[PDB]
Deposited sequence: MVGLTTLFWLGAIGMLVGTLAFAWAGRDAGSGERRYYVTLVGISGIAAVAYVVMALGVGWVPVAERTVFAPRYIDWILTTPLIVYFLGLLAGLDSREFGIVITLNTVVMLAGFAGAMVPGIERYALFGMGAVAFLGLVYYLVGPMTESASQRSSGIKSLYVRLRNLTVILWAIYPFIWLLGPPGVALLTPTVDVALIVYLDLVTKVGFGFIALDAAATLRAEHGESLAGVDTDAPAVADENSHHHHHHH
């Protein structure tokens, strides 16, 4: 009743609507949000059209998903870094930590043997370091800003930390890991998370930009 392609089209539409909404409201932050959801829109369309479905051993890996993540997640971290007022050196640490997470996940998905769990573990370790920087140094830094900016940062940070922490569990329980969850359920869960961590993220920012 509900196929993989239908789910991909749903993600595509959701990202498209977010993209147009952000572009209009911007008639730096607004341009970043267009990139976050705009890139994801393209990845989902490609996947909806059946492009980039790589067979690996016994499972199917969706390559556009990881290219999406590698480009859009640093933009989310960048957005949060601007809110917190990071110096260009602090940016380098967190964006480097982020890229290690994304690359490790991409590589582990593409490896058929058990070495893929070794790649997954390395992404997990780097993710814990990324969480430390969001909850600590970047929160210290955001404190120096107005009360409204600091409030916005804390809200987006909380959304980001809680939801991003769920992805490694979905990956591990799905086809890439112990292939418990079926591809359809696993995809459905990730489409939901992608939409909330990108389009939901964006709309919470828009809401605060009008409350000024």
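Q: Pop the missing stretches of the deposited sequence into a list, counting residues from 1 and keeping sequence order.
A: Deposited residues absent from the model fall in 28-34, 220-249.
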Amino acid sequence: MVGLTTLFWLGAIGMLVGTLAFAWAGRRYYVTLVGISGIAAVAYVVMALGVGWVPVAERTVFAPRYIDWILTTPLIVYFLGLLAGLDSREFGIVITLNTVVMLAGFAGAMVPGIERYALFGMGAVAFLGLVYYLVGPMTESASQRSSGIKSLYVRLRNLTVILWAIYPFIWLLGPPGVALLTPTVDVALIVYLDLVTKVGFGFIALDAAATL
From here on, numbers count along this sequence of modelled residues.
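Q: Read off the CA B-factors in the entry, average them over 200-208 and over 12-20, and name the higher stretch.
A: Comparing 200-208 with 12-20, the higher mean C-alpha B-factor belongs to 200-208.
Q: Hey, which bit's got the bigger mean C-alpha B factor in the entry, 161-169 or 143-151?
A: Higher mean C-alpha B-factor: 143-151.
Q: If you check the C-alpha B-factor for each of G85, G108, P74, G123 in the entry, which is highest?
A: Highest C-alpha B-factor among the listed residues goes to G85.
Q: From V178, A48, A40, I67, can you pick the one with the highest C-alpha B factor in the entry?
A: Comparing C-alpha B-factors across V178, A48, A40, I67, the maximum falls on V178.
Q: What third of its chain's C-alpha B-factors does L97 belong to: lowest, middle or highest?
A: Answer is lowest: the recorded C-alpha B-factor places it there.
Q: Give the position of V187 by CA B-factor within its chain, expressed as the lowest, middle or highest third.
A: Within its chain, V187 is a lowest-third residue by C-alpha B-factor, going by the deposited values.
Q: Could you place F91 in the lowest, middle or highest third of its chain by Cα temperature factor, using the values in the record?
A: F91: CA B-factor falls in the highest third of its chain.
Q: Just say lowest, middle or highest third for the CA B-factor of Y30 relative to the other modelled residues in its chain.
A: Ranked within chain, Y30 CA B lands in the highest tercile.
Q: Using the B-factor values recorded in the entry, state whether the Cα atom of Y44 falls in the lowest, middle or highest third among the modelled residues of its chain.
A: Lowest third, going by the recorded CA B-factors of the chain.
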